[PDB]
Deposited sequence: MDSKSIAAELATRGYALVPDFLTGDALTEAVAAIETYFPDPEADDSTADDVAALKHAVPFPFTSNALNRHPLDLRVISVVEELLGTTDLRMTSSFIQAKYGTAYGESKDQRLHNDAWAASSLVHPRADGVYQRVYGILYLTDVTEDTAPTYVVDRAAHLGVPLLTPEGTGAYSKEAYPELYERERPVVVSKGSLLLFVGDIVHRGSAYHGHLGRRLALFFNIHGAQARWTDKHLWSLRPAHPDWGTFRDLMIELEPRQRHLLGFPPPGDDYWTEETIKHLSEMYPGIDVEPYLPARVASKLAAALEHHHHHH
């Protein structure tokens, strides 16, 4: 991955497809991990997205991949980043119920809509979809158009959302194009791109994907990803091991206090070692 090249494509076209983002054992392990949640149906509750953190670090580590961080840093012009959201989801074929197309929309907004988005600099949002099955035109491909400003459409429509009806925005639907991709490919896109998910045309099978999005902390009304966990929880061990494996630049996206932060004292270094035995505290020592 060439961070500057990918960030330039995001800026100009709104999206970039990275083939072979995962290969080898990393791909095999990620596929196995997501299949623990969404097994080969060969289901109602299994249509729901499952939020981070997952039961396997073969999924948890990917939204924080150093290559992804590098792209986002180049596009936004800041290193002060946060993971906004991450989840896994399966989209099932027609044998498992009616599958519908989403409306074209942007994802430029924070969840609360507290203030209107900006599509420039540190206010941009970057989305990723890591496909863990081969995606064809009959397995619910993502559709993309272009950045909203390039298309001359507003981020807030007259209907009061970031979605574009077919009756009001016909040209968007004529220009949309599907993204087909091999398993292990990563689609990156900016939140202000006009895009949608699509219906899974095929009868059997399901599309498997890991989703995430990242924002700059300067957009302070935006929430980072919310989850609840305590050391007593059965899933804590996996998360604890994730924190030990991550480098400081990656933990930063979870809101971890950075080197030099006032949080760090002899007592909090001690408590960090207690909660995450084996963690490297040297970057944080006062």
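Missing from the model, by position in the deposited sequence, are residues 43-50, 295-312.
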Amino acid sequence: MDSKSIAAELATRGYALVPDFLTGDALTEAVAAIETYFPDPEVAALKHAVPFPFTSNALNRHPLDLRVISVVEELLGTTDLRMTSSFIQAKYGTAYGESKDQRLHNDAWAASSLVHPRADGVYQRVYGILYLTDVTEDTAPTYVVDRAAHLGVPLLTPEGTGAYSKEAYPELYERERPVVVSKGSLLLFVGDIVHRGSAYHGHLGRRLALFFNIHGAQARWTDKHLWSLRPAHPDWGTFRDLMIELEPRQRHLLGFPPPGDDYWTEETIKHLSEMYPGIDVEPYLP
From here on, numbers count along this sequence of modelled residues.
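Between 110-118 and 171-179, it is 171-179 that carries the larger average Cα temperature factor according to the deposited entry. Of the two stretches examined, 87-95 and 188-196, the record assigns the greater average C-alpha temperature factor to 87-95.
Considering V50, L253, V43, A219 together, the PDB entry gives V43 the largest C-alpha B factor.
Comparing C-alpha B-factors across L204, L155, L130, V71 in the deposited entry, the largest value falls on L204. Per the PDB record, residue ranking by Cα B-factor puts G14 in the lowest third of the chain. Per the PDB record, residue ranking by Cα B-factor puts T142 in the lowest third of the chain.
Split the chain's modelled residues into thirds by C-alpha temperature factor. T36 is in the highest one. Remark: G162 belongs to the lowest third of its chain, ranked by C-alpha B-factor as recorded. When the CA B factors of the chain's modelled residues are split into thirds, the value for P257 lands in the lowest one.
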